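Scroll down for the structure; my scribbles are underneath it.
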Amino acid sequence: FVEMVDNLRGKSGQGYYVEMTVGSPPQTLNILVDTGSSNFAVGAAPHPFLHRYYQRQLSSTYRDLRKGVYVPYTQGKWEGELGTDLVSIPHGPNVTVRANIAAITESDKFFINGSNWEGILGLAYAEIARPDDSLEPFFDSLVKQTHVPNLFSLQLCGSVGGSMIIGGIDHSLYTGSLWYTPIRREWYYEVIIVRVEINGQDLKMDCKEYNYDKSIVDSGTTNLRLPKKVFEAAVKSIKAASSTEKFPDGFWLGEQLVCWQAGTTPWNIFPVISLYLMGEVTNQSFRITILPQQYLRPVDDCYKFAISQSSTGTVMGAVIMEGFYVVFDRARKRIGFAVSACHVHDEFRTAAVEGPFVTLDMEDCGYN
Ligand SMILES: C[C@@H](NC(=O)c1cc(C(=O)N[C@@H](Cc2ccccc2)[C@H](O)CNC2CC2)cc(N(C)S(C)(=O)=O)c1)c1ccccc1
Ligand SMILES: [Cl-]
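Mapping of the sequence shown onto the deposited numbering: residues -1 to 156, 169 to 309, 317 to 385, in sequence order.
This is the structure in structure tokens:
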């Protein structure tokens, strides 16, 4: 699928986007790729931060749906006007579909001043689509209206780059074997984590903990976010493996940045981290392992701590995704992980995907 290879750009900390076109003739926009949301939504007014925006009056295929949408985030809020128009992805399959568009007419703390994107492509399911499940998401319009197979894969390469392969997989982007975890239910890309090790040390928690109340795969979130009760323990252990050097008790966020002279970065006082994921077969699991490199983000070389808490559940943000090629195999209701060809890896230890493991009572790990 060489046409689609390297079709993502970005800057550290500012997200991964793909170029799309909207309306007739096409208007070109950069659009953030987010697997943790389900609306396609673009700037539609001259917000000053925006390099460009969808100008509906210039498109003959635009059709008004005469309905509004209001999407608060955690911090990031937008409001827009629903319509539909002709959408296409230059570095994607050679098709065009009529999809839903939320013309963003007002927003607070959503756009990033200095970024080079103007929109968001929500790749999750109708169930979490705003205003409600009737608003069909982009990918579902894609598949229903063309021959494009019901699947996509992401390689996010941590100025950033990567690939979104729409409709398939490209073997050039990973090594070894793909391992697959079921999508527990189609709303977010929900999965079940069944064991967590730090440096190989289990945290011997109840595994219902690791998924309280969700575990999810989300390209639109920077961090590995862990549930309150899990975050606490994770922290204690990673803080314990790391006690060669002290650090502010607030830096284990969040609340500060940490620093070492460039090259002085203390890589190894940090443990690799492992999530075991439910496998395809009863009582079988597999693990994904990431480096401190993945969860220590460049912001003198000052890094942030990419793990954090959530009353939301686990969020396998880009901290996770950067180590792997992730295949969203909607057709078979499963997600696949393979070691990424582009992940950042030193010479002492690299990211890994391995199995099979035996693990009992995996069903018991799904919070209900
Ligand atoms: C842009 C940046 N995202 C961020 O840096 C960032 C974004 C979000 C955020 O909420 N992202 C949105 C999409 C969304 C995307 C962009 C703007 C608004 C909404 C996404 O739909 C969230 N999905 C959750 C509802 C399940 C959340 C956080 N976390 C709270 S955090 C501090 O724990 O990591 C960080 C980023 C950087 C690199 C890679 C990916 C994303
Ligand atoms: Cl439609």
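All residues carry an ideal CB built from backbone N, CA and C; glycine is no exception.
Tell me, which residues are paired with residue i by DSSP?
i, result
"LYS75", "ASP106"
"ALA369", "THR299"
"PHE38", "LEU119"
"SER325", "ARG235"
"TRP197", "BP columns for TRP197 are empty, so no partner."
"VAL16", "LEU6 and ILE29"
"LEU80", "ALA100"
"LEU154", "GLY172"
"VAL67", "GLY78"
"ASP212", "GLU207"
Determine the DSSP secondary structure at residue i, reduced to helix, strand or coil.
i, result
"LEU285", "strand"
"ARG349", "helix"
"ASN98", "strand"
"residue 313", "Any structural detail on residue 313 is unavailable, because the chain resumes at 317 straight after 309."
"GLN143", "helix"
"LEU48", "coil"
"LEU183", "helix"
"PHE136", "helix"
"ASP363", "coil"
"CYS217", "coil"
"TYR305", "helix"
"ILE226", "strand"
"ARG205", "strand"
"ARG54", "helix"
"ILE279", "coil"
"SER247", "helix"
"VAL240", "helix"
"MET338", "helix"
"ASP318", "strand"
"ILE87", "coil"
"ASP378", "coil"
Leaving out the 5 sequence neighbours to the left and right, which residues in its chain are closer than 7 Å to residue i when beta-carbon positions are compared?
i, result
"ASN209", "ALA251, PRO281 and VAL282"
"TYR60", "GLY21, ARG54, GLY81 and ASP83"
"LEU63", "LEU80, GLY81 and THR82"
"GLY334", "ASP228, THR231, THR232, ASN233, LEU234 and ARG235"
"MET215", "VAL240 and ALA243"
"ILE175", "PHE(-1), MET2, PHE150 and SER151"
"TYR199", "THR33, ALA122, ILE193, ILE226, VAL227, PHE345 and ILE352"
From residue i to residue j, what does the alpha carbon distance come to, in whole angstroms?
i, j, result
"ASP4", "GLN304", "20 Å"
"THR232", "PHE38", "19 Å"
"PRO302", "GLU17", "31 Å"
"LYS246", "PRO91", "47 Å"
"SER139", "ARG347", "14 Å"
"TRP262", "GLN326", "11 Å"
"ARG351", "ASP317", "42 Å"
"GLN271", "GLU255", "15 Å"
"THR292", "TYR14", "36 Å"
"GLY289", "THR191", "5 Å"
"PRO237", "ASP223", "8 Å"
"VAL206", "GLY273", "30 Å"
"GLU79", "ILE99", "8 Å"
"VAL332", "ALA122", "14 Å"
"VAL85", "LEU6", "17 Å"
"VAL227", "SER151", "12 Å"
"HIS181", "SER36", "27 Å"
"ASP378", "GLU196", "22 Å"
"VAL67", "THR329", "23 Å"
"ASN28", "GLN211", "42 Å"
"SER169", "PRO308", "11 Å"
"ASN111", "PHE47", "5 Å"
"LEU154", "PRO23", "30 Å"
"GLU265", "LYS65", "40 Å"
"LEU285", "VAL40", "35 Å"
"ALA97", "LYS142", "11 Å"
"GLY8", "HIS89", "16 Å"
"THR367", "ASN221", "26 Å"
Between residue i and the rest of its own chain, which residues show a CB-CB distance below 8 Å, the 5 nearest in sequence each way excluded?
i, result
"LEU306", "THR275, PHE280, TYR320, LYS321, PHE322 and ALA323"
"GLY186", "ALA355, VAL356 and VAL370"
"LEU30", "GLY13, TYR14, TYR15, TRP115, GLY117, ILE118, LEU119 and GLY230"
"residue 313", "Between 309 and 317 in the chain the model has nothing, and residue 313 is one of the residues in that span."
"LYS218", "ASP381, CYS382, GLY383 and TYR384"
Ignore the nearest five residues each way along the sequence and tell me which others in residue i's own chain have a CB closer than 6 Å to its CB.
i, result
"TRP76", "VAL69, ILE102, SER105 and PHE108"
"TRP189", "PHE296, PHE354, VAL370 and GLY372"
"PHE257", "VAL268"
"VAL336", "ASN233, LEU234, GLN304, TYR305 and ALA323"
"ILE87", "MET18"
"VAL146", "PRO91, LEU140 and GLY177"
"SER113", "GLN12"
"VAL204", "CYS217, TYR286, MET288, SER295, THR376, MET379 and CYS382"
Under 8 Å by Cβ, that's how I've got residue i and residue j pegged, so tell me the actual separation to the nearest angstrom.
i, j, result
"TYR52", "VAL20", "6 Å"
"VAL240", "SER225", "Wrong, their Cβ atoms sit about 10 Å apart, outside the cutoff."
"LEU183", "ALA358", "5 Å"
"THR33", "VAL93", "That belief does not hold up - the Cβ atoms of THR33 and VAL93 are roughly 21 Å apart, past 8 Å."
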